[PDB]
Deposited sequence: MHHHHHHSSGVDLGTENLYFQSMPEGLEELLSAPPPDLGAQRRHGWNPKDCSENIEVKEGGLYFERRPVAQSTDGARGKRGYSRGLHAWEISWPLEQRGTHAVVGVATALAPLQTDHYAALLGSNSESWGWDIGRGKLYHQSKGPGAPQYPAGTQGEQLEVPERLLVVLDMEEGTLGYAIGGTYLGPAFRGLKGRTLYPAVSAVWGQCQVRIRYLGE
């Protein structure tokens, strides 16, 4: 607990205690209808997306805003029963592919994306699965914490930061992202600042 807490990005406690960004801000930093799989429909102007039922496909979405500096955190809400075989949460550059023709951990399967498999607890970056390391059951809601001053991506569950999952991100422009496989899944994004 001391180890994880001592690793926290600067300013995270005050970001999380601040009056949360309003709906307009959540929509401006939400899912981009112009930057998602053809099998995904962005709803509520960015607050959530719904993946249509399509067999043998993995489908992702990016947020509207890419981050290159500062601290950025957003809550992902993803119902436990709508995760299926591969539910991956993280970030991507604008170059990562958002669709593939099979069920896979698409986010993090290349050098343009970084993801946490919230079902298996594994981290993916340039990984097809074998050798992916374990990282700290994920409930419906989780916090995604992108520190672009240090260049790390980490997560929090139930108010506890679990440490950096990925490092060496400085010099890139990174967007919130997920890859999903479940028909009719509804994945919410709630930008919290900065």
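S.K.: Tell me which segments of the deposited chain sequence are not represented by C-alpha atoms in this structure.
M.R.: Model skips 1 to 15, 152 to 159 of the deposited chain.
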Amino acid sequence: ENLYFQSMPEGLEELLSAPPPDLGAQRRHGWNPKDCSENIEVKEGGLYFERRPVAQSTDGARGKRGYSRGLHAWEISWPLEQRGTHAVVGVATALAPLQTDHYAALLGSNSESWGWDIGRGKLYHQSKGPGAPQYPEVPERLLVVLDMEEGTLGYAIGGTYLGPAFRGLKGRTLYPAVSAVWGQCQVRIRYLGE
From here on, numbers count along this sequence of modelled residues.
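S.K.: Do the C-alpha atoms of 177 to 185 or of 10 to 18 have the higher average B factor in the entry?
M.R.: Higher mean C-alpha B-factor: 10 to 18.
S.K.: Averaging only over Cα atoms, indicate whether 86 to 94 or 119 to 127 has the higher B-factor in the PDB entry.
M.R.: According to the entry, 119 to 127 carries the higher average C-alpha B-factor.
S.K.: Between 53, 30, 159, 154, which carries the biggest CA temperature factor in the record?
M.R.: Max CA B-factor in the entry, restricted to 53, 30, 159, 154: 159.
S.K.: Going by the entry, which of 63, 60, 168, 45 has the most elevated CA B factor?
M.R.: Going by the entry's C-alpha B-factors, 168 comes out highest.
S.K.: What third of the chain does residue 73 rank in for C-alpha temperature factor, lowest, middle or highest?
M.R.: Lowest third - that is where residue 73 ends up once the chain's C-alpha B-factors are sorted.
S.K.: Select lowest, middle or highest to describe the third in which the CA B-factor of residue 67 falls within its chain in this entry.
M.R.: Middle third, going by the recorded CA B-factors of the chain.
S.K.: Divide the modelled residues of the chain into thirds by Cα B-factor and specify which third, lowest, middle or highest, holds residue 149.
M.R.: Answer is highest: the recorded C-alpha B-factor places it there.
S.K.: Can you work out whether the C-alpha temperature factor of residue 142 puts it in the lowest, middle or highest third of the chain?
M.R.: Within its chain, residue 142 is a middle-third residue by C-alpha B-factor, going by the deposited values.
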